[PDB]
Structures are given as structure tokens and as C-alpha cells.
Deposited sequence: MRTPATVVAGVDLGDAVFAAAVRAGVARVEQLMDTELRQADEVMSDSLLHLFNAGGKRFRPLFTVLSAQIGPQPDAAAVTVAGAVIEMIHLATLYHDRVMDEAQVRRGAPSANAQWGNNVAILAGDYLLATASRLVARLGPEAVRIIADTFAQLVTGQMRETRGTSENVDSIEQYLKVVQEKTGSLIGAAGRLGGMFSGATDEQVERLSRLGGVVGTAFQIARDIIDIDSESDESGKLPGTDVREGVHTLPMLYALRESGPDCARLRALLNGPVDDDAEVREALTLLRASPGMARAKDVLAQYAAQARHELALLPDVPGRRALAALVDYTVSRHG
């Protein structure tokens, strides 16, 4: 545990403490920027994206710890807001307002990071709405388009901002952006798989995830769209070649993340990010 931050084993406990403190600084800024005179508002609400932002800023030669803290707070507040809005689309009005406040505060914070950061966030918002627009011809191409837009884009921006505000080179910033995009997708696909492999299992009533999408192509019929019906649906998926097909797609994203890792500079942040990748494609 002393080497672990946000579930990622960073191998070294002294290094883990410095990284954990960078994550803690992100949450502390969020708590300070959200708290007003009016509130269990931040409380999946995780440190994954803060971890990713801090680790990405370990790739450049001159991390700006204050700016890195801002970027991570911006990214994660946006993450939480997408969760609030997703719950209502599947109190409603209050959950929407809370998400809107998280989005307003994230936009306020990123203005501190200057004109380039501001455009990166605005473009990320555009992708986020595009994926929600899409999510409402190849149905698996679309599903992977949705998670790339709603999930991969935001972790790409965290990688981008991490590189930018450690003075990484232009090419390393692009690479960190691409890594974060591929990490976000792989993370979701692992989630899809884990929720059928078995902590609750098929806590996914209504959601057509990637294994399911594969299984419904074969040709022997789903009971799909109350408790035995759920277990009866679980056996079919764990059996189906759709499961093995979903793990192949996961492996394609893992392969692409590791391709990007390999061209990162040989610095301790690269090994940290590879452990982040390992955890991402793991059982979480």
C-alpha cells in the first residue's frame, strides 16, 4: 500500500509519497475552489485522472507543480460533472446543477493556465458533448467512438496539460495526449469486461457494453433490456465468443498504449505511466 496511489503500484514508497502528495494537492484545490457559504458535492470521484495528470507532468523536465495542481483539479472536476449528468440521462434537477457548477468552476480554474489550456478544455467539452450526442452504422465502431469522445478525450487533455506544464517537447505532449486517449478507452473496456467476469456483477442493467455488443452478433438468444433473468444473462456472456472478442479489443488498446510508452523519455515518470497502463488493463 505504501507504494500504491489510486490503485497503481508505483514500486517505490518515497516516490509514491511525492506523487500521492501531488494528488492530495489536487483534491485540496478542488475542495477549496468548490466550497462556498452554502455540500457533499464532490462525494467515480477518484484519483485516477489526478494521478494521470501528475505522472504526465513527471515526463517533462520542469514540472510547474502549482499549474499541474490546477490542471488535475480542472480535469477531475470535469470528470465528476460528466458523472452527474450521466446519472440523470442514465435529485435530477439538483444533480444537473451540481454538474453545471463543477463545469463552471473547472472553466474558471483553467483560465489561470492561459490561452492554450483554455482552448484545450473548450475542445474537450466539444468532444464530451459529441459523444453524449452520439451515444443517444457499425454499432461497435460507434460504441468505441463514444468512449473515445466521452472518456478518452478527457484523459488525453490531462496528458496534454501534464506535458505542457512540465515543459515537455511538442512531440512528447502530443504523445501524452494520445496515451491518455488510449488509456481512457482501455479503462472503460476493462470495466465492461470486469463487470461480467465478477464487485457486484451485471450491476449493468440496461447498458450495452462491449462484450454484450459482440455476443449479440453471433448466431442462442438474449433475455436482455428480474434476478434469475440477470444471472441467466450472465452465463451467456461469460461463455460467448463475444467475451474473448472484447478482450482482443482491450489488447489492441493496451498494445497502442505500450507503443506510445516506449517512445517516452527514459525517466521515472515513464515507468510510473507503464504501471498505470498495467493497472488500467487489469482487474482494477
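J.: Which ranges of the deposited chain go unmodelled, in order along the sequence?
T.: Missing from the model are residues 1-3, 42-43, 49-54, 102-116, 163-168, 231-238, 260, 267-275, 335.
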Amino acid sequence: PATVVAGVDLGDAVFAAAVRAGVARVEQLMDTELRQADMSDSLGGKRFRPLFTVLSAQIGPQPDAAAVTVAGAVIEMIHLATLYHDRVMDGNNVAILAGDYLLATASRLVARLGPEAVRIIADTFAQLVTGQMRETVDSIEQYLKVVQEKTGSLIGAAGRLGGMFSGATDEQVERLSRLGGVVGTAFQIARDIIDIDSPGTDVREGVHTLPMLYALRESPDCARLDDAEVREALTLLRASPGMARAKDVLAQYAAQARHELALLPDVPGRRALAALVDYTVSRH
From here on, numbers count along this sequence of modelled residues.
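J.: Taking the mean of the C-alpha B-factors per stretch from the entry, tell me the winner out of 203-211 and 76-84.
T.: Mean B over CA atoms: larger for 203-211.
J.: Going by the B-factors listed in the PDB entry, is the mean over the C-alpha atoms higher for 22-30 or for 228-236?
T.: Higher of the two, by average CA B-factor, is 228-236.
J.: Looking at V146, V182, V137, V118, which has the highest Cα B-factor in the entry?
T.: Largest recorded C-alpha B-factor: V137.
J.: Highest recorded C-alpha temperature factor, please, choosing from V54, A223, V70, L250.
T.: The listed residue with the largest C-alpha B-factor is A223.
J.: C-alpha B factor of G60, ranked within the chain: lowest, middle or highest third?
T.: Answer is lowest: the recorded C-alpha B-factor places it there.
J.: Please say which third, lowest, middle or highest, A257 falls into when its CA temperature factor is compared across its chain.
T.: Tercile = lowest for this residue's CA B-factor.
J.: Which third of the chain does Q188 land in by C-alpha B-factor: lowest, middle or highest?
T.: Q188: CA B-factor falls in the middle third of its chain.
J.: Could you look up the Cα B-factor of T130 in the entry and say which third of the chain it sits in: lowest, middle or highest?
T.: Ranked within chain, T130 CA B lands in the middle tercile.
J.: What third of its chain, lowest, middle or highest, does the C-alpha temperature factor of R47 fall into?
T.: Answer is middle: the recorded C-alpha B-factor places it there.
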